[PDB]
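Before any questions on binding or motion, here is one chain by itself as structure tokens, the form deposited without the ligand.
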């Protein structure tokens, strides 16, 4: 087959029922995640190829970066709750990995303040039970698929993308193969 179980994707030994249709995991500490999001723009290109009625979810993980990693999972919950993912993703990646100016929870907050979220609104969201539930959802989704690395993408709780054997000499061709594979998996 052109797409083969065990090659371009793997089928989860213990499928996860009720999972999101397309589920990404990342860490703002993760160098390949920086490439995936900042240089390759994987999520955007996957979205552009996906059928009607297939929605995408992206969650942060705790297992990189210790205390600040867990602070970033809560900040990502704030971003989701406020709908400001597209305003804070680049400055959070750059703050952690490029300028290395994000060293504390206050530095994370500064990114949201600079992006135009009012301080009282950020603080209310940060401390809210709506955000606690989003943090729990991110942790549960990672636990469901027994996640030990990022970046990772899962389709319909059944299939995991396997980019490692793909040709990466051309960034655009790689992204297109990745997106076309997600599309194929979504149609199974």
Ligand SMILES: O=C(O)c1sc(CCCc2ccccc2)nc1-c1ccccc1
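If you superpose the two forms and keep the largest set of C-alpha atoms that fall within 1.5 Å, you have the rigid core. Shifts are known only where both forms have a C-alpha. Positions refer to the first chain, counted from 1.
Below, we refer to the form deposited with the ligand bound, which is not included among the displayed structures.
Enquirer: Would the ligand, positioned as it is in the bound PDB entry and superimposed via the C-alphas around its site, fit into this form without 3 or more of its atoms falling within 2.4 Å of the backbone or C-beta atoms? Open or blocked?
Expert: The pocket is open.
Enquirer: Of the options 158, 32, 47, 132, which one has a non-hydrogen atom that comes within 4.5 Å of the ligand in the bound PDB entry?
Expert: Looking at 158, 32, 47, 132 one by one, just 32 meets the 4.5 Å heavy-atom criterion.
Enquirer: May I ask whether 40, 168 and 174 all come within 4.5 angstroms of the ligand in the bound PDB entry, judged by heavy atoms?
Expert: Every residue of the spot touches the ligand in the bound PDB entry.
Enquirer: Taking heavy atoms and a 4.5 Å limit, what residues of 8-27 are near the ligand in the bound PDB entry?
Expert: Not one residue comes within 4.5 Å of the partner.
Enquirer: Please list the stretches that shift between the shown form and the other one, defined as three or more consecutive residues with CA displacements of 2 Å or more after core superposition.
Expert: 165-170 is the lone stretch that moves between the shown form and the other one.
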